[PDB]
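Okay, structure first, notes after.
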Amino acid sequence: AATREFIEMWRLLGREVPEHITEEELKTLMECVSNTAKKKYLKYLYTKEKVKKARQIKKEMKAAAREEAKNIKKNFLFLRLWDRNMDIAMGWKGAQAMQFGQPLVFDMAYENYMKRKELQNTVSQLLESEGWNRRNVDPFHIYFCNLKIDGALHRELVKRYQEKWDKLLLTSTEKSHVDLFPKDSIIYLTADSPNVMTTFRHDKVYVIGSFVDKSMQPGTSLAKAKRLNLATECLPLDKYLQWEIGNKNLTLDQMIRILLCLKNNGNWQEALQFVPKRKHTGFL
Amino acid sequence: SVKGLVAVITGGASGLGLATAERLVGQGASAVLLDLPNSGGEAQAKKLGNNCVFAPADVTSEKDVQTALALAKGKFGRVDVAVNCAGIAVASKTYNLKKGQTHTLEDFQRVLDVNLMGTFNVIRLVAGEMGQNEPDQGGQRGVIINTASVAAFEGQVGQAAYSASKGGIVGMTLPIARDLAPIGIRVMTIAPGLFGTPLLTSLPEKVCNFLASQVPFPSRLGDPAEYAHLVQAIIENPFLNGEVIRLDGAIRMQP
Amino acid sequence: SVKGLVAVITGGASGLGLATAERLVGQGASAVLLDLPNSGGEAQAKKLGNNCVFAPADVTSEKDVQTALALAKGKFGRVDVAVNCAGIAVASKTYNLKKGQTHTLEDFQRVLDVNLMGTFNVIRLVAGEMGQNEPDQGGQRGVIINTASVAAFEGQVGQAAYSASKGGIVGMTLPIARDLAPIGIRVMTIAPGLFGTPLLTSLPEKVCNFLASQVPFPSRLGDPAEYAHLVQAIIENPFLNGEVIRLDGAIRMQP
Amino acid sequence: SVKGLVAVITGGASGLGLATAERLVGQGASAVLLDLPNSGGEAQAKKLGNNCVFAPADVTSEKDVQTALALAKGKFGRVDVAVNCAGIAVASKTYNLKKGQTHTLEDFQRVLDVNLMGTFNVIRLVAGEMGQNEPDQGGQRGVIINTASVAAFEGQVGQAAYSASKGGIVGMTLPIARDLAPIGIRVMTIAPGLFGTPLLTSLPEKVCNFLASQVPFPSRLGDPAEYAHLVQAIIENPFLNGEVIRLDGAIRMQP
Amino acid sequence: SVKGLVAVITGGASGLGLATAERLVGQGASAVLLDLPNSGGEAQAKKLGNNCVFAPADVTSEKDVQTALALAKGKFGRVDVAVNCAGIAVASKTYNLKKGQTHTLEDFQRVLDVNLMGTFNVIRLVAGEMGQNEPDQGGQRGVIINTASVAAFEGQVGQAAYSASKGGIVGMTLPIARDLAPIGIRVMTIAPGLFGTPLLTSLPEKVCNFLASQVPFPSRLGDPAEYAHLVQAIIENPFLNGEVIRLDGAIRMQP
RNA sequence: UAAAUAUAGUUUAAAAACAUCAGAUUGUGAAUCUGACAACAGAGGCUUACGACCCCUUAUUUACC
Ligand SMILES: *O[C@H]1[C@@H](O)[C@H](n2cnc3c(=O)[nH]c(N)nc32)O[C@@H]1COP(=O)(O)OP(=O)(O)OP(=O)(O)O
Ligand SMILES: C[S@@+](CC[C@H](N)C(=O)[O-])C[C@H]1O[C@@H](n2cnc3c(N)ncnc32)[C@H](O)[C@@H]1O
């Protein structure tokens with residue numbers, strides 16, 4: 001193809017192009033309509049290899065050091081099988097969560113407003129968001145709504161979870177949140193909501209849009225929450241925090257962590273700790 | 001052997017009761033399904049053959065059970081084995097501080113009538129029918145098998161109502177065995193764990209998969225046929241009386 | 001210590017409940033006697049002093065318990081301990097072939113409502129009252145103590161109904177303890193054996209003396225004051241939860 | 001079914017072990033008697049025919065058990081079932097103040113060595129033999145059955161040493177079941193009480209007749225054949241694991 | 001009350017035994033530490049005051065215990081309470097298929113010698129000295145408290161040796177109580193869960209946090225002082241005999 | 001409207017550290033092993049390249065006499 005040599009010459013120009021690239025990555029570069037998009041995408045691949053090789057050089061160093069130390073070189077109550085034990089313990093809590101835990105909904109209706117770069121990141125935060133829920137004392141009953149089976153988000157989640165996807169203790173479905181819970185008990189959280197949330201109510205269902213807008217798209221969730229007559233709310237960031245830098249749209253992992261602390265009787269002092277410190281110059 | 005024996009299986013139109021009826025009928029015994037009119041037991045009775053009949057009755061009602069027992073006497077002439085399998089469950093916490101929800105007393109009462117009171121109603125009425133039987137070479141007049149649950153020993157969160165009823169069956173197993181010992185009626189209790197029954201199917205499919213995987217061995221939901229096999233073993237063994245047998249694959253249920 | 005604690009003792013007008021109230025009140029705690037109007041608990045509350053009050057209520061009815069708990073809230077402001085001592089017993093064989101007598105369903109229901117349903121009714125309602133209490137330095141909001149019986153393990157002949165109700169309490173002791181663990185309420189069960197309660201002492205000396213001699217050690221009927229001592233130990237010990245304590249002097253019942 | 005299965009029945013020369021061998025061999029299975037050289041088990045093995053072999057070994061010693069397992073491997077090629085029935089009993093009080101007699105530590109150690117330590121020695125050694133078995137359609141590599149006693153729960157005077165050894169088997173049945181669950185081996189325990197074995201029959205005739213009448217039903221000593229039937233049921237049932245089954249006729253021993 | 005009583009605390013140099021000594025000595029009682037010579041028992045006895053003495057002895061050896069008990073008689077003149085807290089913990093899988101490792105018989109034997117055999121050695125020897133005491137107003141000569149564990153009920157993977165030894169204590173607790181009931185000695189057993197003993201606290205704080213969260217309520221490792229409180233309650237309660245009490249916060253150990 | 005700023009797990013400094021996901025029956029350094037994901041607001045340009053340089057959008061914080 002004409003694109004293959006297109007890259008090789010860029011290698012002669014030293015356009016920060018990686019050494020080895022799979023054909024799968026080549027067609028992704030094909031989709032790039034602009035040279036700057038190709039320039040940006042290639043740099044991402046280049047740093048991808050740089051971290052891996054630096055990772056590997058520092059990795060074989062670990063093996064070499066450990067084996068050398070070994071060459072130079074009772075009564076127990078429990079066997080060292082802790083990692084397995086915690087996984088089972090979290091599973092039991094997770095099973096209880098889906099029978100009695102408060103429903104937390106992740107809305108997956110934003111797939112049309114996401115590029116591939118942001119769609120990948122959304123799954124990364126979704127993995128972390130669910131990870132923190134599992135380790136929590138009182139996990140939420142996480143709901144994955146509007147998750148099309150053939151959609152990109154569903155396919156990406158399967159690859160990152162592999163066989164664990166079918167064993168996760170969460171409800172994943174194609175039906176909208178309005179079809180699962182009463183419309184009067186649903187609060188669509190969003191930074192653009194004119195209403196400021198003061199108290200975490202345990203009888204309400206909170207909807208978090210699984211949307212990562214690196215290219216800012218204000219009001220996307222508000223329009224969704226206004227097309228259907230659903231209440232909206234926003235965190236009291238300005239009320240308590242001296243915001244100075246950055247955007248007020250927090251990450252999904254931070255969002256669920258903030259809600260998790262609030263649901264555990266924590267006050268705004270503890271709950272808002274998870275907001276990045278670089279964004280605010282103190283608390284009050 | 002169970003050849004020629006007449007079994008009155010409570011809640012035998014589905015779940016464990018139906019599995020017990022299938023095995024006993026296939027082994028030459030005669031079964032009497034005793035379930036609700038809407039349980040669809042009539043179709044099951046026809047499928048199992050002429051050795052099985054359907055008795056529409058409610059366990060919680062003394063009159064209904066008496067009619068079912070009378071039907072069993074007319075068709076077969078005697079009652080030899082009684083299996084209590086009908087039961088209901090509710091998943092509700094005793095009290096939810098966060099939601100301010102308190103367990104409904106009716107919900108607790110409803111589970112008690114069917115699981116616990118219903119079991120006693122069949123035990124006391126069926127024991128009267130077994131009294132008419134003449135003692136065999138071993139001096140036995142009949143066998144009564146109750147269906148407790150592992151919740152009676154360690155129950156999950158929200159299983160207080162179900163656990164209380166099943167706890168009563170375990171507690172009253174030996175006293176009834178002592179009560180009916182002079183008349184030679186054996187009372188045994190089976191405490192199945194996670195089985196492929198409609199009671200546990202109502203849970204989310206992902207919950208069922210995790211709970212099944214937590215069984216040490218075999219790592220799967222209990223087959224209702226396995227429960228029927230244990231029921232036959234209890235019937236055949238004359239020295240099994242006043243004991244609770246846990247058929248759960250060595251699984252202890254965490255909260 | 002139990003100094004300043006508020007305890008709601010069901011069936012506190014006499015028997016074990018009264019003994020627990022006497023010890024707790026004498027130790028600085030405040031007790032709320034919750035018994036039937038005819039139990040004469042008003043006089044007992046007056047005897048125990050201004051720190052004890054009488055709240056007439058029927059445990060089997062939600063309305064009566066709620067009013068009684070409201071009285072405790074108004075008089076003392078909070079509820080810290082809930083001792084479930086209310087209960088009655090029935091003696092009747094499951095089936096008497098010689099006399100052709102069948103255990104009527106009325107008594108079995110009657111004991112279940114008082115011993116089993118009544119205990120759960122108080123547990124769920126009082127747990128709401130303890131929910132309002134602020135967690136203490138140990139994170140505990142309240143303690144619930146249930147009164148099972150040794151018959152829940154090895155009941156005697158004619159105690160099938162009594163064993164079933166007490167067996168249920170043993171069954172739901174842990175599920176409720178797991179249910180209320182996040183709230184911070186400890187649920188404990190005491191399984192007393194033969195105690196010198198008015199009901200037991202009413203029997204003729206021919207049987208009462210024989211039962212007293214059947215206890216390995218001490219070879220005498222359990223003193224209700226000793227039951228109160230165990231209740232105080234459970235209240236003071238923060239690590240006692242989800243367990244059934246047998247206070248019977250190592251005596252196992254014969255048929 | 002048990003046809004084709006190879007069973008290593010510890011203590012199979014007489015008593016419960018022999019009865020298990022008789023049924024399993026008669027059902028098509030192969031048995032390997034494992035008792036002391038002077039137990040006369042070779043005569044019993046000859047009676048049961050070619051399918052049965054006698055392996056003289058001492059359970060308390062690792063070397064002899066290994067040779068016995070090797071004999072089973074050579075004769076039949078595999079081991080599918082392990083039944084532990086070897087054991088001894090000592091009737092000595094902990095301390096008699098009237099006679100000034102103190103229980104000897106040698107008697108206690110001897111009972112533990114054979115009943116408890118010997119049982120674990122067979123389990124750990126026989127488990128390795130079953131570890132080589134290819135998993136069957138159900139993923140099971142073998143089954144282990146232990147022989148606890150009712151004394152583990154309701155022990156009599158002078159049975160402290162016997163209760164301690166049998167209590168360990170009941171305590172350790174579930175940990176081993178969890179231990180061998182990944183391998184695919186089921187571990188079960190049977191707690192027979194007052195069976196017609198030579199040990200019980202050795203006691204005074206006046207006493208044994210009295211005990212035979214204390215069983216609620218059947219009012220007779222447990223038939224060793226009945227114990228064998230329960231062993232077969234456990235083997236056939238895939239879901240019986242990590243549980244203790246009381247085969248005693250609903251008898252709770254008294255002081 | 002415990003004022004004036006002489007207590008022989010086995011394994012009282014650290015862990016639960018030490019915590020028991022502090023409370024009893026602080027309440028006016030006299031304690032006799034019975035631990036191995038290598039332990040820092042001498043330092044602890046001096047710190048506890050003139051009411052505490054250290055007797056270096058090995059529980060598994062009769063002679064060592066006899067001298068230690070004779071030391072208590074010389075210093076104090078009588079023995080009234082005995083607490084069996086000495087023990088060892090060994091974790092080892094019964095058989096590992098992938099690793100090909102089989103549980104060592106020596107590991108199993110040594111755990112039994114200290115936890116089970118050692119406990120019985122003290123019980124049968126102290127009863128001799130408690131037999132010399134004059135019965136009090138209640139006819140009681142002494143109190144013996146044993147230290148079982150939750151592993152005796154549901155032991156984890158690799159706890160077969162520990163569970164078997166603790167299971168024996170739970171199994172033989174009632175037989176000993178029946179043996180010593182005529183003498184007037186009460187035998188009780190405690191089964192603590194996860195306690196903050198030096199053995200448990202030595203684990204990484206990451207592991208300790210997970211273990212703390214495993215307890216439903218309170219979600220923390222058991223305080224050794226809490227164990228001492230139950231010991232005092234058992235001593236002060238004349239009607240507690242032949243019963244096993246789980247001081248584990250309603251926790252059920254998972255595999 | 002204008003001027004400085006913007007790290008999509010979080011910080012540091014101008015690539016790392018601590019975290020995240022999958023697998024692990026771990027003999028108590030698992031304090032590890034084999035993988036997954038590595039985009040300094042976004043888009044479009046310039047240049048042999050540059051995180052430089054240059055326009056445009058959104059967002060944040062100040063000022064607007
Ligand atoms: O362009 C600004 C600006 O001229 C003026 N304006 C609004 N807020 C301020 C302020 O705080 N300080 C100053 N010095 N000037 C301010 O109004 C305009 C607002 O722009 P908008 O795009 O929001 O207004 P509109 O919807 O009418 O569209 P447009 O045609 O002006 O772009
Ligand atoms: C990072 S935001 C991005 C989407 C953003 N709401 C938009 O329309 O462009 C992703 C999700 O996190 C939640 N969220 C982010 N910041 C929030 C805030 N400050 N208050 C409440 N919710 C917030 C929103 O519900 C949103 O669905």
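Heavy atoms only: backbone and side chains are in, while hydrogens, waters and symmetry mates are out. Lettering of chains follows the sequences in order, A, B, ..., and the numbering in each one begins at 1.
Counting to the nearest Å, the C1' atom of F:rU25 and the CZ atom of A:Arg80 are 12 Å from each other. Spacing between atom NZ of A:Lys214 and atom P of F:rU7 amounts to 10 Å, rounded to whole angstrom units. Residue A:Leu126 contributes atom CG, which lies 12 Å from atom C1' of F:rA8 at whole-angstrom precision. Distance, A:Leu127 CG to F:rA22 P: 7 Å, rounded to whole Å. Atom P of nucleotide F:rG42 and atom CD of A:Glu118 are separated by 8 Å, given to the nearest angstrom. Here F:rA24 presents its P atom at 9 Å from CG of A:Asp87, a figure rounded to the nearest Å. At whole-Å resolution of the value, CG in A:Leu45 and P in F:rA38 are 9 Å apart. As a whole-Å value, the separation of A:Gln162 CD from F:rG23 P is 8 Å.
Listed nucleotides: F:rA22, F:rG9, F:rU25. Nearest to the side chain of E:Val157: F:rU25. Among the nucleotides F:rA19, F:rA43, F:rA22, the one closest to the side chain of A:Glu163 is F:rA22. Across F:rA22, F:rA59, F:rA8, the shortest atom-to-atom separation from the side chain of A:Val212 is found for F:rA8. The side chain of A:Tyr161 lies closest to F:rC21 when the candidates are F:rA36, F:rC50, F:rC21. Proximity note for A:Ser34 (side chain, C-beta onward) versus F:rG44, F:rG9, F:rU61: the nearest is F:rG44. For A:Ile245, whose side chain is taken as the heavy atoms from C-beta onward, the closest listed nucleotide among F:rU7, F:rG45, F:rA59 is F:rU7. For A:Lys39, whose side chain is taken as the heavy atoms from C-beta onward, the closest listed nucleotide among F:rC50, F:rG27, F:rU7 is F:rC50. Residue A:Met216 places its side chain closer to F:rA59 than to any other of F:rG45, F:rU7, F:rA59.
In this structure, F:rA39 forms no base pair with F:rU60 under the Watson-Crick or G-U wobble definition at 3.5 Å.
Base stacking is absent between F:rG51 and F:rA52; the centre distance of their six-membered rings and the plane angle do not both fall under 5.5 Å and 30° respectively. Adjacent nucleotides F:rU7 and F:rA8 miss the stacking criterion of ring centres closer than 5.5 angstrom and planes inclined by less than 30 degrees. In this strand, F:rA17 sits stacked on its neighbour F:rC18; the base ring centres are under 5.5 angstrom apart and the planes under 30 degrees. The six-membered rings of F:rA4 and F:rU5 are stacked: centre distance under 5.5 angstrom, interplanar angle under 30 degrees. For the consecutive nucleotides F:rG35 and F:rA36, the six-membered rings of the bases sit within the stacking limits of 5.5 Å between centres and 30° between planes.
Side-chain atoms of A:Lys214 do not come within 3.5 Å of backbone N or O of A:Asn121 as any donor-acceptor pair.
Summarising the base pairing, F:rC50 is matched to no nucleotide, lacking a Watson-Crick or G-U wobble pair whose two defining distances lie under 3.5 Å. Summarising the base pairing, F:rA16 is matched to F:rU11 through a Watson-Crick or G-U wobble pair whose two defining distances lie under 3.5 Å. Pair check for F:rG35 finds F:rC21; Watson-Crick or G-U wobble, both atom distances under 3.5 Å. The pairing partner recorded for F:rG29 is none, the criterion being a Watson-Crick or G-U wobble arrangement whose two distances lie under 3.5 angstrom.
A donor-acceptor pair shorter than 3.5 Å can be found between the side chains of D:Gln140 and D:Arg186.
Stacking of A:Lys263 on the aromatic ring of A:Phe140 is recorded, both the 6.0 Å distance cut-off and the 45° axial limit being met. Taking the ring axis of A:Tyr110 as reference, the NZ or CZ atom of A:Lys224 stays within 45° of it and closer than 6.0 Å to the ring centre.
Looking only at side-chain heavy atoms (C-beta outward), A:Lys248 and A:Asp238 come within less than 4.5 Å of each other.
Heavy atoms of other residues, nucleotides or ligands lying less than 6.0 angstrom from CG of A:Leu284 number 12 at most.
Across the P atoms, F:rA13 and F:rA22 are found 33 Å apart, a figure rounded to whole Å. Nucleotides F:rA39 and F:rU48 are separated by 29 Å at their P atoms, to the nearest Å.
For a distance-only test at 3.5 Å, the side chain of E:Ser92 qualifies as a donor-acceptor partner of the base of F:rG27. Between the side chain of A:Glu16 and the base of F:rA49 there is no donor-acceptor pair of N/O atoms closer than 3.5 Å. Looking at A:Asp213, its side chain comes within 3.5 Å of the base of F:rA8 through a donor and an acceptor atom.
Taking the six-membered ring for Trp and the full ring otherwise, the centers of A:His154 and A:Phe144 sit at least 6.0 Å from each other. Centroid-to-centroid, the aromatic rings of A:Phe283 and A:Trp268 stay 6.0 Å apart or farther.
Residue contacts for A:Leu79: at a heavy-atom cut-off of 4.0 Å it reaches a base atom on one of the strands shown. Looking at heavy-atom distances under 4.0 Å, A:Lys70 makes no contact with the nucleic acid at all. Contacts of A:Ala63 with the nucleic acid, taken as non-hydrogen atoms under 4.0 Å apart, are absent. Note on A:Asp253: only backbone sugar-phosphate atoms sit closer than 4.0 angstrom, heavy atoms only; bases stay farther off.
Here F:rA38 is in the syn range [glycosidic angle within 90° of 0]. Classification of F:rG51 as anti follows from a glycosidic angle more than 90° from 0.
Stacking of A:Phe76 onto the six-membered ring of F:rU28 is present: less than 5.5 angstrom between centres, less than 30° between planes.
South is the pucker assigned to the sugar of F:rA24, its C1'-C2'-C3'-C4' torsion being negative.
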